[PDB]
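Quick heads-up: it's one chain on its own, the form deposited in one PDB entry, in structure tokens.
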């Protein structure tokens, strides 16, 4: 593929972390595909990926699911079986199922990093990106307390140029008034392209959400074929089964 050997050589010359994550063709292609084979942009992304991991060890060091298995079992997250019409993988996060008295913002962030490291293995997802739906129903001030300026900047970094996944859309639904101050904290760090891709649906989201995700949503959101619990169980099992791959990319 165009630029693969050049990207490997740069990484080697720059002395990027020896291991884990050998510089296989499959690994490097994630970076080239995320940036449409633009070598310089792929290289910037690769360096940023390593930078972010080194700067956020609380989240990145151990990707084994044992630290967040309770959060998965609580029903916080699921991945749809089907892709959207543009081929993006679709992720669902439910704030009401995150108990901030038990899990920190770092733990919750780790869930997304685990899912992201798993789904990036799919070439269709490297090509078509992802969309994430956050159901903010139940957002509390106790969740907001966990979103410090540091965490806000880390969120903005992975959405923009620190992880090899194209964020094609972020859909916030059921956002309560009190969430505005939290989003305002993240906003200053986002690129214009990402801000343009964050949709605020509000409390009457059904029609608008279905327009973006026809025929693939769970029953809870207007879908008609399966439930959120079905997808949360299916994804949690897959994460559990992937514990050793996650171990191999852990440190």
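Shifts are known only where both forms have a C-alpha. For the two forms, the rigid core is made up of the largest set of C-alpha atoms that agree within 1.5 Å on superposition. Residue numbers count along the first chain shown, from 1.
What comes next is about the form deposited in another entry, which is not displayed.
Of the candidates 194, 182, 39, 29, the Cα that moves 2 angstroms or more after core superposition between the shown form and the other one belongs to 182 alone. Compared with the form shown here, the C-alpha atoms of residue 179 and residue 69 sit at least 3 Å farther apart in that other deposited form. Relative to the displayed conformation, the Cα-Cα distance from residue 180 to residue 204 shrinks by 3 Å or more in that other deposited form. Remark: 177 to 190 is the one run between the shown form and the other one in which three or more consecutive shared residues have Cα displacements of 2 Å or more on core superposition.
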